[PDB]
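Residue numbers (the deposited numbering), protein chains in the order written: chain k, 7 to 275; chain l, 7 to 275; chain j, 7 to 275; chain A, 722 to 769; chain J, 23 to 83.
Think of the CB as a built atom: it goes at the ideal place given N, C-alpha and C, for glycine as much as any other residue.
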Amino acid sequence: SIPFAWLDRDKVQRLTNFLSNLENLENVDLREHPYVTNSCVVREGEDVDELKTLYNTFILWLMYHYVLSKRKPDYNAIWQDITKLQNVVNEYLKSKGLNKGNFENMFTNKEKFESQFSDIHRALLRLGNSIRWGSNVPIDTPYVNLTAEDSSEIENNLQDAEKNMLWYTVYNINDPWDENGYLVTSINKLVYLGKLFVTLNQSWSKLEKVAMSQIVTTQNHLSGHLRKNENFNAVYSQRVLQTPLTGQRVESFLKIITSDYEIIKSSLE
Amino acid sequence: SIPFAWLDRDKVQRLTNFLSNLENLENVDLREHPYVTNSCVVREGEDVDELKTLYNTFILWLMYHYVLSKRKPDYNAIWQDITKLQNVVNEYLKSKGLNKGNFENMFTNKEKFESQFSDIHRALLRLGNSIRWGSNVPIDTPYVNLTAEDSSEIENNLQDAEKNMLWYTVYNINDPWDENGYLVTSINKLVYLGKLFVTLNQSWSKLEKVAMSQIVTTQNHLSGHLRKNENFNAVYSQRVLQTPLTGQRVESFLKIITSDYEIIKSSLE
Amino acid sequence: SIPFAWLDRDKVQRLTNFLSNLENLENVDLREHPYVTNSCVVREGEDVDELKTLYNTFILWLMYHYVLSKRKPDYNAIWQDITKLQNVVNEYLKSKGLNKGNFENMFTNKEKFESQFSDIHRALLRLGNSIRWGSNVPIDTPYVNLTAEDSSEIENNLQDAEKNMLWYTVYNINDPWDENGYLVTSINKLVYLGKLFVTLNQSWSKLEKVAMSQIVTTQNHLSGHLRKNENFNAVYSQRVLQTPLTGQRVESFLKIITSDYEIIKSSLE
Amino acid sequence: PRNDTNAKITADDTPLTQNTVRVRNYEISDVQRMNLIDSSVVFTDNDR
Amino acid sequence: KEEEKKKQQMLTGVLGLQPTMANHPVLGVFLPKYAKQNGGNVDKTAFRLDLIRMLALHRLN
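Laid out in structure tokens, this is it:
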């Protein structure tokens, strides 16, 4: 029942409180918070640490990746609205009027495939077409929509989402009165939602790879340190701590190390 | 309870009063007050100081950075009036009096471009002089208002903001005879608020960069001094104090060293 | 530092508090409330009171006019919206398409007296037009028609403008209920903003003429009592206190009389 | 001269208005105006 | 003690006036105000003209 290492009840309550209210506070990372990493440490010198806080940091990264994989909101709901905008509006207008960019229509139809990482890059040209619809003689507009407050708070919202993937807010672009046209406001909808979707997925994949790399590192340290002992409990803990971990494997591994906790605590000296 | 390593109660009262009235005293910069650093010194001379003033200043720079990031005032309240005067008046006088809607304020679109403001202010000098007189003759006034009785007051206010960006006041305009009727807002006050805003941001990032650089320098010196001892809590303190610190890590690390103060006072030689 | 006469530490603090928070209290007229003028006194009978409290009230009226000239808000801000409504809605209705009148008559009744209009008959023409759009014939209600739920409240707003011309609010007539739509809401806002503009300007001119009349009145009674003595410091105080004042020169003279309060506290008999 | 807001009166690039000009004070005899009789700053009596 | 050297230096800079004229009332009152200046770049001639016009204001029979 989320057991851990030789920590006090205050430190255990700190870890449980952080892992419970992870989604609430901003910028969710262990390199954001050393207070988890240094509340992880055990008292009575560093020999206790070099034997046991390696195990406890291993436990922290396992349970942190677990609460990430349990609490990730699914971003395909906002990709559904991305597909609605891209399928509904842009294909109809470009194939209908100024029908010379049908190859770029097929290009954004290939962007509809799940390869959006390369696709958001150099998307700008289809905002470059909407320059003309927003204002005549299309010289130049900013990288986002024309409205200053909307562009500033869109950049604010993208920074907030990139800090906290687990808790994201939709901006609700729409306006009652528009100098802009309805179709180019749908273009602004598509641009903002595409940026939000690619930002959330890239930051999620970044933290997921960080968690997996730290788990592999701490596995190598634990196996190299517990290599020396020859006891049966020692080699049993070697095998349990030596079983390899993918991200699908990490949940069953957390349940297995829950059951094996009582013998590996005795196996640590 | 704002824990300090080895100080007088008078010295603790001095540093607590400094961090309390940080926003009230002028010239908010820790290098500007030598008596704060001179108050930070430890008793019994250089043999005690060579080990303990490093940790004492390592507390004090971190706490200065903490009260600096906590007592930041929001600079969007002054950018709101920039956008209000800008968007409502500087667009609409151009659209009315046939200045073809020169968008030049909208090249920035944001508080992100701390450059190009000087080009915008020179363009606004040309605009304000063109609206005040038909001659155009681009002149070498600093301000369109032609107010030399209060330009010294405005420069005084800008120097006061440079000294204390934590606590700022905003100046205004007088109306017995107006150079510009309501246009004086979005050309005079726009120049004043733009200079004030970019001044607050530049001084802010300057002080935060100086604080972080001094924290990194005290990390390097104190780790190089504490490297020698191989005792248990000594190298425990090495592993605690060796942790790298960002401005995102710094508040949690203040909580870490607040927890560690009880053990570390015995642990230091 | 905030110069005054031979006063105590309570009266100076109270007058500093009053002239600082001159904006928050209503009915700002210094002639009207006697709690300041009768109380800024040395007491001491009348014999030592006369010549010194004459200078005290002189500084009080002078600094009152200073803080008025510093704390006037711009009324061109409301006349710009007067021009926006009057130009952009009402001319397009009266001359374009619907054309219920003459181009010359309607256009020049709007266009004439851009600066310094105080005309009620132009208003009355727009009132007769709006009530012809309305239900009934007579002009019993000038402003908003068909409804008296807002009439005493708009009169309360105009009385609050008369009381505190330094702090004024716009009524912003309610959207959902109307005699008719866009047209009479534009006419209604035009009449209300014109009345607000002329009310605030007449109140400001009243207080400026009052303050200048009181300052010029006190100069003669000050000069008659100070004329008789023949010391150099005495006659220098005579010349400093007989330097002529206008409302646009009173700020520079306030600085001058601070730098001469350095001496003329001692130059009193 | 009278009603300067029509014209643009200069001695430098700065226009000399009511506001740019410091008023002449004949009694207190500031040292700044004594420096600016050498320099190019224009000074008025406020009488108009 | 601390404030006396500046007054006397400004007195010699103005004209080289003699202490006998330093005792004059127009000087006795204005030397302290000329002390809180002339540390700036202002001028030496301005102080001479100021003393001229003030001494003149003083002597109106």
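Worksheet item: Taking C-alpha atoms, which residue in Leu232(l), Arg132(l), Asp146(l) lies nearest to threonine 735(A)?
Response: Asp146(l)
Worksheet item: What are the start and end residues of the alpha helix (DSSP H) that includes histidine 231(l)?
Response: 196-232
Worksheet item: So, is the C-beta of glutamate 275(k) closer than 8 angstroms to a C-beta in chain l?
Response: Residue contact check for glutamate 275(k) against chain l: no CB pair falls below 8 angstroms.
Worksheet item: With distances taken between CB atoms, is the gap from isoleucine 88(k) to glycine 187(k) smaller than 8 angstroms?
Response: no
Worksheet entry | As assigned by DSSP and simplified to three states, the class of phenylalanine 119(j) | coil
Discussion item. Which residue wins for smallest C-alpha separation from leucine 228(l), given the options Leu13(l), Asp14(l), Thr59(l), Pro182(l)?
Written reply: When C-alpha distances from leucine 228(l) are compared across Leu13(l), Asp14(l), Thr59(l), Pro182(l), the shortest belongs to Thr59(l).
Fill in: Opening and closing residue of the alpha helix (DSSP H) in which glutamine 248(l) lies
Segment: none, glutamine 248(l) is in no alpha helix (DSSP H) and carries neither H nor E.
Discussion item. Just to confirm my understanding: we take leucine 274(l), look at its own chain, exclude 5 residues before and 5 after, and list those with CB closer than 8 angstroms. What are they?
Written reply: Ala11, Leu57, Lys58, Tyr61, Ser243
Item to complete: Return the Cβ separation of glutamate 117(l) and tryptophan 85(l) in integer angstroms, given the expectation that the two are a contact with Cβ distance under 8 angstroms.
Response: 5 angstroms
Practice prompt. Determine which residues of the segment 726-740 of chain A have a Cβ less than 8 angstroms from any Cβ of chain l, and write them out in chain order.
Written response: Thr726, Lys729, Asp733, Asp734, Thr735, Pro736, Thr738, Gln739, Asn740
Worksheet item: Around the C-beta of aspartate 125(l), are 16 or more other C-beta atoms found within 10 angstroms, so that it is buried, or is it exposed?
Response: Around the C-beta of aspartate 125(l), fewer than 16 other C-beta atoms lie within 10 Å, and the residue is accordingly described as exposed.
Worksheet item: Does DSSP classify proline 736(A) as helix, strand or coil?
Response: strand
Item to complete: Please determine, among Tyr41(j), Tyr267(j), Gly103(j), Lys76(j), the residue with the shortest C-alpha to C-alpha distance to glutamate 29(j).
Response: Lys76(j)
Item to complete: Could you check the C-alpha separation between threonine 114(l) and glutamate 155(k) for me, to the nearest Å?
Response: 12 angstroms
Practice prompt. Report the neighbours of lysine 78(j) on chain l: residues whose CB is nearer than 8 angstroms to its CB, in chain order.
Written response: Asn180, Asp181
Worksheet item: Can the beta-carbon of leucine 130(l) be found closer than 8 angstroms to that of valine 222(l)?
Response: no
Discussion item. If the cut-off is 7 angstroms on Cβ atoms, which residues from the segment 246-257 of chain l count as contacting chain k, listed in chain order?
Written reply: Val246, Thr249, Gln254, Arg255
Worksheet item: Using a beta-carbon distance cut-off of less than 9 angstroms, what residues from the segment 181-201 of chain l approach chain j?
Response: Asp181, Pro182, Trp183, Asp184, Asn186, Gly187, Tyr188, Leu189, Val190, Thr191
Worksheet item: Counting contacts by CB-CB distance shorter than 8 angstroms, is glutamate 52(k) in contact with chain l?
Response: yes
Practice prompt. Give the residues of chain A in contact with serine 141(l), contact being defined as C-beta atoms less than 9 angstroms apart.
Written response: Within 9 angstroms Cβ-Cβ: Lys729.
Worksheet item: Applying a beta-carbon distance threshold of less than 9 angstroms, which residues of chain j neighbour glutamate 161(l)?
Response: Simply none; closest approach about 16 angstroms.
Worksheet item: Is the beta carbon of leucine 91(l) sitting closer than 8 angstroms to the one on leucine 21(l)?
Response: no
Practice prompt. Please check if any C-beta of chain j sits within less than 8 angstroms of the C-beta of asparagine 767(A).
Written response: yes
Item to complete: Tell me, to the nearest whole angstrom, how far the beta carbon of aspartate 751(A) is from that of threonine 738(A); I am working on the premise that it is less than 8 angstroms.
Response: About 20 angstroms; that fails the 8 angstroms criterion.
Worksheet item: For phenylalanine 764(A), does the three-state DSSP call read helix, strand or coil?
Response: It is a strand residue.
Worksheet entry | Distance between beta carbons of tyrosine 72(k) and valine 256(k), contact taken as under 8 angstroms | 6 angstroms
Fill in: Any 3 or more C-beta pairs closer than 8 angstroms across the segment 165-181 of chain l and the segment 203-216 of chain l
yes
Discussion item. Taking only three categories from DSSP, how would you classify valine 744(A)?
Written reply: strand
Worksheet entry | Residue from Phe109(k), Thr175(k), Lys78(k), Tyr41(k) with nearest C-alpha to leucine 247(l) | Ranking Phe109(k), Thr175(k), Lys78(k), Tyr41(k) by Cα distance to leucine 247(l) puts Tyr41(k) first.
Discussion item. Taking the straight line between their C-alpha atoms, what separation do you get for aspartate 55(k) and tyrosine 177(k)?
Written reply: 47 angstroms
Worksheet entry | Cβ neighbour criterion (16 or more within 10 Å) applied to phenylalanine 24(l) | By the Cβ-count criterion, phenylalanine 24(l) is buried, with 16 or more other Cβ atoms from all chains shown falling within 10 Å of its own Cβ.
Worksheet item: Can the beta-carbon of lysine 78(l) be found closer than 8 angstroms to that of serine 45(l)?
Response: no
Worksheet item: Can you find a CB in chain l that lies within less than 8 angstroms of the CB of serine 101(j)?
Response: no
Discussion item. Between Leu31(l), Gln19(l), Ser7(l), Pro9(l), which has its C-alpha nearest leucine 172(l)'s C-alpha?
Written reply: Per the Cα distances, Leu31(l).
Item to complete: Determine, using beta carbons only, whether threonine 249(j) and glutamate 748(A) come nearer to each other than 8 angstroms.
Response: yes
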